[PDB]
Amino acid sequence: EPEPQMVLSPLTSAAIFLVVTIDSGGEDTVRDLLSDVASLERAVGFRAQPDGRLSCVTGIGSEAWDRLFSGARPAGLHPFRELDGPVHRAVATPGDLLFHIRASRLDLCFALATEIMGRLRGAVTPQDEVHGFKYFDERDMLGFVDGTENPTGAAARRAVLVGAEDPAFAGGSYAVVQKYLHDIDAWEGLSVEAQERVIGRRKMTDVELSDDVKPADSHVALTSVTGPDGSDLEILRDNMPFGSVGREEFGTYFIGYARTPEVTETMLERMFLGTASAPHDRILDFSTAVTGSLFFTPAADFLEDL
């Protein structure tokens, strides 16, 4: 079988998100790193066995793919599609490589990132760097438990991993990243009950609102998508809080994995463009996307055979 990257691994207490573009004539240096990335992961990771839980997921953008590789392309790989809604906008920003680094400790993440960037120095330009941290009982900056309804086990495997529909890239996945900044002043102006109506779940207990009470423009309502078969379309989210108190930055770093970008994009469209019953996702009234990129995260063996 093909061996996937750690795209199915659970949420950790620390994360580093690193997005870079490949400079002119940097292809060679990048290809060398890509073949050594798993090697670097073990080099750092083994030091903190067995509680370290260091992993790195490497993603490659659409434009970057053509510059790096000859032959077949992943069927669903394309640039992030900008969504200009009536009120809210999902922007597309540059990104060739994604490094999604997770561990139970930030030091492990930072050490690995140092090794990666040390090898890439002079071949890449950094676009974005976010240091994520767990906030209390798995909460986001809005004060709600975040990640509850992530699929697990076989359900996760079927939702995330590329299969027979694109057999040359089986074991791969698609990652969509968006950096969100929150308007905390406005958010804290709402009552808890009002906030619950925005999300679609109880704040403290994380219990889902009943279908009779759950608004149609609530986050949970709009991101609940059924396919033609009537089965649920699911994504795996590894969102992390981040921020800077001085600059009044309180953020959610969104990352979602899916076997096809169509699933994530459908959810994006419902959020930004709305449905017949909802103008847009109410969460966006308190959340601004400042980045937006799409990457293909190939199977581990693909990177190694370079």
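Position 1 is the first residue in the sequence shown; the rest follow in order. Superpose the two forms; the largest set of C-alphas matching within 1.5 Å is the rigid core.
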Between 8-16 and 290-298, the one drifting more in C-alpha RMS in 4 other deposited structures of this protein once the core is aligned is 8-16
Avg C-alpha B-factor, entry values, 204-212 vs 128-136, higher side is 204-212
When mean C-alpha B-factors in the record are compared for 93-101 and 156-164, the larger belongs to 156-164
Among 276, 240, 57, 44, the highest C-alpha B-factor in the PDB entry belongs to 276
Entry record, C-alpha B-factors for 246, 256, 251, 61; the maximum is at 246
Chain thirds by Cα B factor, record data; residue 169 belongs to the highest
Here the Cα B-factor of residue 182, set against its chain, lands in the third termed lowest
The third of the chain into which the C-alpha temperature factor of residue 71 falls is the highest
Of the three thirds of Cα B-factor ranks in this chain, residue 149 occupies the middle
Chain thirds by Cα B factor, record data; residue 236 belongs to the middle
